[PDB]
Amino acid sequence: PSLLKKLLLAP
Amino acid sequence: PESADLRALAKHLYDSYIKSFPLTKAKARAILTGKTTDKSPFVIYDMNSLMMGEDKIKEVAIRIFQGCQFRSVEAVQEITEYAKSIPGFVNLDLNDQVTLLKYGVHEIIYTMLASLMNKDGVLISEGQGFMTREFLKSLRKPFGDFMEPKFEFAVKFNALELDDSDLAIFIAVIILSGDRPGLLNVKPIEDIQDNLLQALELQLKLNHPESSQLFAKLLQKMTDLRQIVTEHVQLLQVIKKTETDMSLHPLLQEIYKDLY
Ligand SMILES: CCc1ccc2ccccc2c1CNC(=O)c1c(OC)cc(O)c2c1OC1=CC(O)=C(C(C)=O)C(=O)[C@]12C
């Protein structure tokens, strides 16, 4: 998991 | 009709842009020119004024650099939110979404930073502060040479006189670049960009009827921004290598890691 992915998945 | 849909897309992007980015170019120029009523920005032009305005907005050079990093991190999050509003973006392979942001965020940061700049300085802290270009350029190396490039670009880019409606589409086109290194599914991205490009062309023809050359110039600016970011990343790897005890934010480290 990456920080960019986490930001992208946050609804 | 097709054109009507392109205008609806342009409006959607503008509305999303306004929701994602607190300080728009319209709000920024209203402050720079001084045609507003709210409290004017505190001016920082030297070491002394910087000390005084800390509440309004390590050695100075490092302190200023860290300040830019904090704003960059906030900016990356705003750009990510905007990207998610571009039709079709969230349906792309998740890893491709990451790749588009990784390679596109700094190009967008340079672009949008220009909105808050003039030949003499840059607005900071949501426009509550104004730091002069001369002050930032006077910073000891390799920090002074890190600030100036953004102003050099801003001066040229601002000469194009784009407004927020133009910028919203321009930014979208940049994010949806099908030629970023490592993308897995190129066609879906190229198809979205082709439509965004049509929307941008119509936007410029209607909004800047007396400047036929604007679209072509903006396409060239997209190309220039890549070389511009390359130099940015390089000057940064130098700082992270020559400046000991330097702290690079995790989000920024992730974006810079393995970047072309
Ligand atoms: C997007 C970040 C970026 C990248 C390159 C730039 C090159 C030239 C000018 C501004 C640049 C900027 C924008 N830079 C800024 O917005 C910026 C700045 O610019 C000099 C100086 C500065 O002092 C600060 C800035 O933003 C800040 C947020 C913080 O959290 C700080 C705290 C509390 O410590 C800061 O220190 C602030 C107030």
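To match Swiss-Prot, the residue numbers of chain B are left as they are there, and the shown ones run 234-290, 303-505.
Recorded method for this deposit: X-ray crystallography, 1.6 Å.
Even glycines carry a Cβ here, placed using N, Cα and C.
The feature rosiglitazone binding site is assigned by Swiss-Prot to B:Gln314, B:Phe315, B:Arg316, B:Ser317, B:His351, B:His477, B:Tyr501. According to Swiss-Prot, the feature ubiquitin cross-link maps to B:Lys252, an assignment based on experimental evidence. The annotation motif '9aaTAD' is assigned in Swiss-Prot to B:495-503 on the grounds of experimental evidence.
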(request) Over the unmodelled segment of 12 residues, figure out how far apart in angstrom the Cα atoms of B:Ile290 and B:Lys303 are, rounded to whole. (result) 17
(request) Let me know the largest Cα to Cα distance in Å among the rosiglitazone-binding residues B:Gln314, B:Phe315, B:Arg316, B:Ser317, B:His351, B:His477, B:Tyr501, as an integer. (result) 17
(request) For the motif '9aaTAD' (B:495-503), give the DSSP counts of helix residues, strand residues and coil residues. (result) 7 helix, 0 strand, 2 coil
(message) On a simple 10 Å Cβ count over all chains shown, which one of the binding-site residues B:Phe315, B:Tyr501 is most densely packed?
(response) B:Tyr501
(request) Taking ligand 1 as the reference, state which of the recorded positions B:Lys252, B:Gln314, B:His351, B:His477, B:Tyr501 have a Cβ closer than 6 Å to one of its atoms. (result) none
(request) Write down the Cα-Cα distance for B:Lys252 (ubiquitin cross-link) and B:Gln314 (rosiglitazone binding site), rounded and given in Å. (result) 23
(message) To see if you understand the setup: which same-chain residues, six or more apart in sequence, place their Cβ under 8 Å from that of B:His351 (rosiglitazone binding site)?
(response) B:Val474, B:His477, B:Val478, B:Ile500
(message) What whole-number Å value do you get for the CA-CA distance of B:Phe315 (rosiglitazone binding site) and B:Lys252 (ubiquitin cross-link)?
(response) 21
(request) For B:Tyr501 (rosiglitazone binding site) and B:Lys252 (ubiquitin cross-link), determine the Cα separation and express it in whole Å. (result) 27
